[PDB]
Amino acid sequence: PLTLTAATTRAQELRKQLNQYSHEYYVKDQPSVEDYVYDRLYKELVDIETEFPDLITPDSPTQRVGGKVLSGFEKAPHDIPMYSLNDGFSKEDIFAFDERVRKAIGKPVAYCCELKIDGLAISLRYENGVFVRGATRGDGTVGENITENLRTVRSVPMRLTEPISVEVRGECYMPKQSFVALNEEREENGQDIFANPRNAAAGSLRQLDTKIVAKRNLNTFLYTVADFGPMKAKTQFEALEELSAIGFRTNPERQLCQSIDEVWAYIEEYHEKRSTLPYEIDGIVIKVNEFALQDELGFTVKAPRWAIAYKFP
């Protein structure tokens, strides 16, 4: 029979192979192998872990189903604050924002444009490549420690390929179809439906039973880090590419605009494409691309002066 010695080694092989397939399937939204290939290897791993429960590790794909049930969430401080964003609602506000930026910097500036995802803001801390803390934004300086729930979100890596220590921030949301499916299930069980995917994601992440959260099919998009110390990026667009390179799911609709006019074109392009996406967006976020310039602009008490969120009506 398969010995513990042989299983210990085989278990790691399976975790690596299965995690790579999951990265392709959930993070790149582009699987390489047919589902049956993954399922077969997954079953082999489950059999090994069942025979030797000591070989179960936090980065094993079998742990995505959750199991822990908490009494409540511990406070999760953000020593590096999670700021909000100033809002814009008209072409005027956007060009005015550009005027203020040029006034302060003294030259034209490039802008990294991204879609504003309507979900729950999250901060993911990794130490030596290992996922150690998942937290909600809360009030900006203190959120809720929802690490166990986030372990079930399939697109969240449990172990990065490189043992880097960083804290990434983004949005955890519920895709349109998943939101539709969930409300139908609630109607079937006589429960109150969620008013929108935003509330569905928030309500899901507030669940104390991780097994329930694991079935809610939440997804993620990461767009920044709390401390750029371990990162090599010097611009926001570079940061998005680097986040992708280290293993996080990033939104593919971002664009680097060299002028405010290009920025407005972007806003118009995605405004008309708004309902064609598998997820809901409440606008567009415009950020001064160069970190050196973001630094020069600084932050107000509530948000950075180097970014503005154009909110859809």
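Here, rigid core means the biggest group of C-alpha atoms that superpose within 1.5 Å across both forms. For every residue, the number given is its place in the sequence shown, counted from 1.
Two stretches, 224-232 and 131-139, are weighed by how far their CA atoms sit from the shown form in 7 other deposited structures of this protein after rigid core superposition; the farther one is 224-232. Of the two stretches examined, 34-42 and 244-252, the one with higher mean CA deviation in 7 other deposited structures of this protein after a rigid core fit is 34-42.
For the pair 56-64 and 278-286, the mean Cα B-factor is higher in 278-286. The stretch with the higher mean CA B factor, choosing between 23-31 and 257-265, is 257-265. Comparing the C-alpha B-factors of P157, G138, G106, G129 in the entry, the top value falls on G106. Highest C-alpha temperature factor among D87, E144, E148, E171, as the PDB entry reports it: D87. For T224, the recorded CA temperature factor ranks within the middle third of the chain's modelled residues.
Sorting the modelled residues of the chain by their CA temperature factor places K302 in the highest third.
For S71, the recorded CA B-factor ranks within the highest third of the chain. Only modelled residues enter the ranking. Sort the chain's modelled residues by C-alpha temperature factor and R206 lands in the highest third, per the entry. In the deposited entry, the Cα temperature factor of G190 places it in the highest third of its chain's modelled residues.
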